[PDB]
């Protein structure tokens, strides 16, 4: 294979940038702060469930919505004893409240029968509900986006939407049901990998890792978009042996390409790297939330990793910020270890790019605690605020199924300062568990 260079007109998480992170991450400005285990509580309304990846009901710009006096948070939850038991529950608090004890449980968004009543071929094969986002429409509706996962069809993941009908009173919120419940996107082969392409490889025992999940709603100039975790397709730089010879994925220089590519080809990570073709994808939606246009990815991570999760994007003080989470254990970069887990971040003058790295390398947050640590956090997510230079970082705390008495729960939130192309964790900015806004 001859060296070549092709960007496919999109941005890229390069080997050179990633290689800088091990030295850089020793700086406290890029570190998830240490939390105090004796302040940590289970979500009391969730009655012995693990509650992990969660997201707020947001306005179109990403700020936290006020639904008839309440904040709403959707979260994956299930039986700690059953790793494949995952559904979306809806929690809520009166605006102004901050304690984890303020979060009431409206129960599951969906009935088991809803996927059948939807008259949706893909939905009737669903076995779990994985993460997404939720927006509060201009006509006052709760518009959910989430990932339909099918264990019966080799882990197919499909971007899916529903309207959640919720009655509000002075005292409680109550889910009456859903409507407009439909598959929107399951990949197209050319831009984003579909499940058949995963099956073509030999599915799980191939080492490939197919993703199409964590859809995030955002608008710009009245146009509606989802930005999501995916993998590339055949026309925007696919996985394969040929991919290791594309200098676009290396960055820096040809000297660096030669050196780094010959090390990678000689390493035990060659096959992993060939399979790695993560992407943060984008589609425009119609006004009824169906698919308008498949768009080019904002960024891809060919060779580095197959798994860039919890896609997030918003405009803040004149610039666009794009984030994703990723485990060091699934990466191929020298010096990044199986303990390292990241939130990576990118910046642009436009929603559709081009995106360049925050803090020169992409590093925004690093968390390297032992999986057994009660204060281990995952699924970090930057929640934009109405004003100022801070966003709020939410995450879940405590690994699923690890401890009988300590379940996955809302992590203490904290502040991340953002200005220009730089971020820093705000010193001693730890808030309540699950707190969504600075303003009370």
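Numbering follows the first chain given and starts at 1.
- Residue-level temperature factors show residue 191 in the lowest third of its chain, judged at the C-alpha atom.
- Residue 278: CA B factor in the lowest third of modelled residues in this chain (values from the PDB entry).
- Placement of the Cα temperature factor of residue 318 within the chain: highest third of the modelled residues, per the deposited record.
- Ranked against the other modelled residues of its chain, the C-alpha B-factor of residue 156 as given in the entry falls in the lowest third.
- The deposited CA B-factor of residue 327 belongs to the lowest third of values across its chain.
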